[PDB]
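Asks: The structure's right below; bear with me while I get my questions together.
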Amino acid sequence: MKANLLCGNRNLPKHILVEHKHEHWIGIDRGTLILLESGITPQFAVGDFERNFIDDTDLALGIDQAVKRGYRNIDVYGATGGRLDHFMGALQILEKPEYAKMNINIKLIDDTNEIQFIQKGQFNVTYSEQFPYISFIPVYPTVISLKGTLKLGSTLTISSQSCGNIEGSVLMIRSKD
Amino acid sequence: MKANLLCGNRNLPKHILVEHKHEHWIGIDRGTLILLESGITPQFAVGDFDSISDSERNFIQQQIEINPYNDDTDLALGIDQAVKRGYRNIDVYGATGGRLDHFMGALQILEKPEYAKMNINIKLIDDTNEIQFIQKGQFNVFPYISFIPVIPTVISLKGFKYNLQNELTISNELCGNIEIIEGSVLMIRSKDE
Amino acid sequence: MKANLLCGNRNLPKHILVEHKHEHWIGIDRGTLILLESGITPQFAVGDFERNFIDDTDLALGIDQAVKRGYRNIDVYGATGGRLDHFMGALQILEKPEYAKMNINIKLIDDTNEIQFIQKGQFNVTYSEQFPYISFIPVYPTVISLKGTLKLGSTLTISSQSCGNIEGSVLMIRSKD
Amino acid sequence: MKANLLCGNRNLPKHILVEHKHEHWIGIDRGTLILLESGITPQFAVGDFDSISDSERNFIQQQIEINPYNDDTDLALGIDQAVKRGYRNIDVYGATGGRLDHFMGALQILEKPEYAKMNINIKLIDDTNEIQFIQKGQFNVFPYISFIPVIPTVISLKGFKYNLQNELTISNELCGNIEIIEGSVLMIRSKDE
Amino acid sequence: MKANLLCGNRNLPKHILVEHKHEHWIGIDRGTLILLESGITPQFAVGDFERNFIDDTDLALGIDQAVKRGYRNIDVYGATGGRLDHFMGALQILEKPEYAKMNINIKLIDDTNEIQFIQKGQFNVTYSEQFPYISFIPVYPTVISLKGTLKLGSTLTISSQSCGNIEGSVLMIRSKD
Amino acid sequence: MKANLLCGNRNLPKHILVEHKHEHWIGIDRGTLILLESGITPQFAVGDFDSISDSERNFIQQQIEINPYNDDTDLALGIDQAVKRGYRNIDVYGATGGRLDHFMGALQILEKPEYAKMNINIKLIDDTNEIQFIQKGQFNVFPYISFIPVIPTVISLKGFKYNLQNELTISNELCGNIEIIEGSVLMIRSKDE
Ligand code: NA
Ligand code: NA
Ligand code: NA
Ligand code: NA
Ligand code: NA
Ligand code: NA
Ligand code: NA
Ligand code: NA
Ligand code: NA
């Protein structure tokens, strides 16, 4: 089951709320209000502006509840822009070791990016129409692909499928040109 | 048709918002924002409720906020407004604890005669109690049960004695009969804490 | 809360029923049938072709019930055209002294007009894109604006904001050119 | 699944259309137009019902009007048609007053054996009464209660005597037991007017 | 009342599921799944991939239940293409003598045809915009129109209204050019 | 909030899918496909369930199929997953007949202590029975009733004797009282076949 979380209205892909109006949506803080104003009933909501559902941030809470509720595909919207600590809080979540063993998939999506946390191992990467660039950001991580503090463009802006093997852990970022 | 009113977040039965998320909910004052925050759309709301942006207030004050003309408390209007829409069973949550002058006002509403003649069922509910008004007449049936007079002769059966008992049974424990020969009494059911 | 009343299908603004399909609608007489045929469930309906809700016309009844139900913004559609006594009955409503004290706002809207009853006092008037003309029709009413039985074009076809003060009462009509 | 049928506007419990506006409603003859007029969309309707324009009749006779093949009265078809869709609890309103030959036909339906074997619950209801058929067997439980035989031995408890009483109790007043040893009886509950 | 049956996804008129999303739909076998995937709740469904509703094929069952439920206008979609025995099974249904006496109307519709079983008697035929051709296929049937094993183009591809009288029984087929 | 679970098609009460077509349904293993086939959309489903095309599996495994992390049987996860969403009354259908080791596992779930403290009501149901767990305490109330101990002193009233009866009443026939002084018992109601 796929879960769509909305925790803001900044940088949202176009028509995301109308093209996906009948999917499972979850409100996070202010995202809840936006969903209601768009005629969408949230499966559940978290954060003020909730607590009786069932140390942590509202988004960490909402995602944890999604995971516990069996969702395997979790896409987070409205988590980039404005206050950046909120965006960093999101990246933290993706890193929780608890979501490592599980066969879960969480990603932050905005009108220009798609962020995922690729852990130690080997994964495949299919091409995409709107997302030409790919970049890996270590969270010592050594990697091997089909073309090969640290601040190098070595594993940044780069363009079937390919293999990505990590001999630590990184954040995979796909972005539009 | 059943309506649930939320007046705030004190002594609320745990999980009451998740367990009845699809029923009809009415927001009274602070209850309004708690409903929305839980992703619940109130059929309507009464109360000055705070806003954080025009986009919001515009939303709430056009599809949720009603403005009954009145005098009466926000809860009393919410009730009347629910009865006007055909709601027959009303459960008020969030009306206990804190400032007791309000809890008391909530009791005045249950006692309004305008509801006795009608076939309305109003109950105040929190995590430990259930309260309702019972007028002159005969009726049947939280291990504890108590009757408090409002304005009263009473006769009970399955509980204990009480025969033509004038107004004790301020904590009974019992498919049961109770007849109000005269006056009126509030019935309050409690759980064993 | 805003209430939308439908008591006919003549002169309705374009796409009013599809662009506003999720707002609060009230049926009045035949308007009820039109709403049902458009997939809209009326909050309530009045008039035959209802009475157990809760001397007067069906529309006076429906609007009175709206007012009693706390609606502050009431827009009436389908009240112009065809039988004119029905349109005049509508204008009567706007005039009820009962809706004077209250902070209510009622208006008749059709594809070309927007009629409101401005009572004794002083009100403001914002400009509008589709409605360039403004006209005041007394219901002895003396007025003072930003440009200044009786049948004069003095207070008729006339084009930020402006002040309208009434030293009796009039009907304000905004119409498209 | 519960279905309410409207056969007309006589002796209807006050506010029955507002108070149950969201339940499933079926229109029988004139009931059809009363439902719609109240802004209620019938799940389906039986009956020649009048029209005032093709636009309307087209609407009603394509999304509301069904045409069961039959013989049986319009109400009897409406019932069968509700049972075919899985409705187990049926409340018929509007079937009392006026021409009594119809009220009687409505009683014949409750007595159809085709419903005894099934687990259907059909009740006729108006502002003062509630009526249902009770077949051979034992069952339990408007201050007044009366039993009228249809084709009958009976035994009651909480009411009064009645022990192996052959077919009086045409106005009882009483969490109660009743056993039909033989035959069948209509049970009618009334209120104190 | 009109009933729409869906028992497949081959040769469906364009946008049938979106333009008619709010009408009464019935699922038949796989049609059920297609309806659910299109956001449509079937009044009821028949066939595996149901039986406790209330010798025969799932479509014969679904249509019989429609007829018993009082539907007078029954349009069948997705019954042409792929396995042809399934299409022939459909034609059989249209022929059931049981649906002769009744004032019922059943037809198979696809993006190019509209098939109906005209029995012994006399019927009228209105023109249509998208369907210019008409053809009659006997199911000894003698006919008389406004222009007049057997394998003749005499009563095939042929183009107000007209009269069609049958002095046995035939299948009327209207098709696009 | 009420949830119905379907685990398969054995001993199902006839018409259970048509009569409750609009309630909330959860699919467990084979129950999933039976729900869909009947044109019913499950709130969610647990179980490897078969597919016949990617289009389908994609559909089911994105809007219906959930994957709780676990160990526990598919039915036990379905239950927990329903309780997590706020479902308080759970009716499990399709869990009897066939391989009894499963029927037994279904009984273990009703006995989980994690549900005793909470205010959840889980019942196993088929065309002839209704089964539920009853913990230490006092409670009230298919002509046949039986109590089977799980881990037990008991006292019944309206049925027959049973006073401080230690753990017979493996087929009672009776607005009734039962108190578990010690231990726990499964209550099973049966119909007369
Ligand atoms: Na959920
Ligand atoms: Na109540
Ligand atoms: Na307190
Ligand atoms: Na309303
Ligand atoms: Na009933
Ligand atoms: Na009468
Ligand atoms: Na149907
Ligand atoms: Na249960
Ligand atoms: Na068995």
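For the structure tokens, the naming scheme is as follows: chains receive sequential letters (A, B, ...) according to their order of presentation, residues are indexed from 1 within each chain, and ligands are indexed from 1 in presentation order.
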Which residues form the shell of 9 Å around ligand 2 when you count only C-alpha atoms and all ligand atoms, given as number ranges by chain?

Replies: B: 2-4, 88-92, 120-124, 132

Asks: Among stretch 97-173 of chain E, which ones does DSSP place in alpha helix (DSSP H), written as a list in words?

Replies: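 DSSP-assigned alpha helix (DSSP H) residues in stretch 97-173 of chain E: residues 98, 99, 100 and 101 of chain E.
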
Asks: For chain B, which residues have at least one atom within 8 Å of chain F, if we go by only C-alpha atoms? Write them as a ChimeraX atom specification, please.

Replies: /B:15,18-20,175

Asks: Here is a test: counting only C-alpha atoms and all ligand atoms, which residue of A:5, A:170, A:36, A:139 is nearest to ligand 1?

Replies: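 Among the listed residues, A:5 lies closest to ligand 1.
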
Asks: Report as a PyMOL selection string the set of chain A residues whose atoms approach chain C to within 12 Å, with distances computed over only C-alpha atoms.

Replies: chain A and resi 37-40

Asks: Selection from above, N, CA, C and O atoms, as a short mmCIF file (atom, residue, chain, number, x, y, z; two decimals), in the first residue's frame, can you write it?

Replies:
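The resulting file, part_38.cif, is reproduced below:
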data_model
loop_
_atom_site.label_atom_id
_atom_site.label_comp_id
_atom_site.auth_asym_id
_atom_site.auth_seq_id
_atom_site.Cartn_x
_atom_site.Cartn_y
_atom_site.Cartn_z
N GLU A 37 -8.71 21.61 2.55
CA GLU A 37 -9.10 22.69 1.64
C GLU A 37 -9.14 22.22 0.19
O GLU A 37 -9.68 22.91 -0.67
N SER A 38 -8.56 21.05 -0.07
CA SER A 38 -8.54 20.50 -1.42
C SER A 38 -9.57 19.38 -1.55
O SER A 38 -9.59 18.66 -2.54
N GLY A 39 -10.42 19.24 -0.54
CA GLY A 39 -11.44 18.20 -0.58
C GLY A 39 -10.93 16.78 -0.36
O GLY A 39 -11.53 15.83 -0.85
N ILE A 40 -9.83 16.63 0.38
CA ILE A 40 -9.26 15.30 0.63
C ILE A 40 -9.33 14.92 2.11
O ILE A 40 -8.88 15.66 2.98
#

Asks: Would you kindly return, as a VMD selection string, each protein, DNA or RNA residue with an atom no farther than 10 Å from any atom of residue A:23, considering only C-alpha atoms and excluding same-chain residues fewer than 6 positions away?

Replies: (chain A and resid 1 to 4 17 40 42 to 43) or (chain F and resid 62 to 63)

Asks: Taking only C-alpha atoms and all ligand atoms into account, list the residues no farther than 12 Å from ligand 9, as a PyMOL selection string.

Replies: chain F and resi 9-12+94-100+103+126-129

Asks: Give me, as a PyMOL selection string, the contact residues of chain E against chain D at a cut-off of 12 Å, counting only C-alpha atoms.

Replies: chain E and resi 1-4+22-25+43-44+52-54+65-74+98-99+101-104

Asks: When you draw a straight line from atom CA of residue A:77 to atom CA of residue B:22, how long is it in Å?

Replies: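 Separation of atom CA of residue A:77 and atom CA of residue B:22: 25.3 Å.
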
Asks: Contacts of residue D:134 at 9 Å or less, counting only C-alpha atoms, minus same-chain residues fewer than 6 places along, as a PDB file with N, CA, C and O atoms, in the first residue's frame?

Replies:
ATOM      1  N   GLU D 111     -47.312 -10.757   6.501  1.00  0.00           N
ATOM      2  CA  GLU D 111     -47.714 -12.134   6.754  1.00  0.00           C
ATOM      3  C   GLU D 111     -47.239 -13.134   5.703  1.00  0.00           C
ATOM      4  O   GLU D 111     -47.425 -14.340   5.858  1.00  0.00           O
ATOM      5  N   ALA D 116     -40.941 -15.332   6.496  1.00  0.00           N
ATOM      6  CA  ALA D 116     -40.787 -16.000   7.784  1.00  0.00           C
ATOM      7  C   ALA D 116     -39.496 -16.810   7.830  1.00  0.00           C
ATOM      8  O   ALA D 116     -38.703 -16.682   8.763  1.00  0.00           O
ATOM      9  N   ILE D 180     -45.297 -17.984  21.016  1.00  0.00           N
ATOM     10  CA  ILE D 180     -46.409 -18.392  20.181  1.00  0.00           C
ATOM     11  C   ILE D 180     -46.346 -19.909  20.041  1.00  0.00           C
ATOM     12  O   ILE D 180     -45.530 -20.439  19.283  1.00  0.00           O
ATOM     13  N   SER D 184     -50.076 -17.564  14.416  1.00  0.00           N
ATOM     14  CA  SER D 184     -49.283 -16.358  14.222  1.00  0.00           C
ATOM     15  C   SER D 184     -50.076 -15.139  14.691  1.00  0.00           C
ATOM     16  O   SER D 184     -51.308 -15.137  14.652  1.00  0.00           O
ATOM     17  N   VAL D 185     -49.372 -14.103  15.133  1.00  0.00           N
ATOM     18  CA  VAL D 185     -50.035 -12.890  15.599  1.00  0.00           C
ATOM     19  C   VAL D 185     -49.312 -11.611  15.180  1.00  0.00           C
ATOM     20  O   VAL D 185     -48.086 -11.585  15.038  1.00  0.00           O
ATOM     21  N   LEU D 186     -50.088 -10.557  14.959  1.00  0.00           N
ATOM     22  CA  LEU D 186     -49.518  -9.269  14.617  1.00  0.00           C
ATOM     23  C   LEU D 186     -49.299  -8.587  15.959  1.00  0.00           C
ATOM     24  O   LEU D 186     -50.152  -8.646  16.845  1.00  0.00           O
ATOM     25  N   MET D 187     -48.143  -7.976  16.136  1.00  0.00           N
ATOM     26  CA  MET D 187     -47.889  -7.278  17.377  1.00  0.00           C
ATOM     27  C   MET D 187     -47.972  -5.804  17.034  1.00  0.00           C
ATOM     28  O   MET D 187     -47.369  -5.364  16.060  1.00  0.00           O
TER      29      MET D 187
END

Asks: Mind pulling up the distance from atom CA of residue F:53 to atom CA of residue F:32?

Replies: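 Computed distance, atom CA of residue F:32 to atom CA of residue F:53, equals 15.9 Å.
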
Asks: I'd like the contact shell of residue A:28 - 10 Å cut-off, only C-alpha atoms, skipping same-chain residues fewer than 6 positions apart - returned as a ChimeraX atom specification.

Replies: /A:5-8,34-35,42,44-50,57-63,76-79 /B:37-39
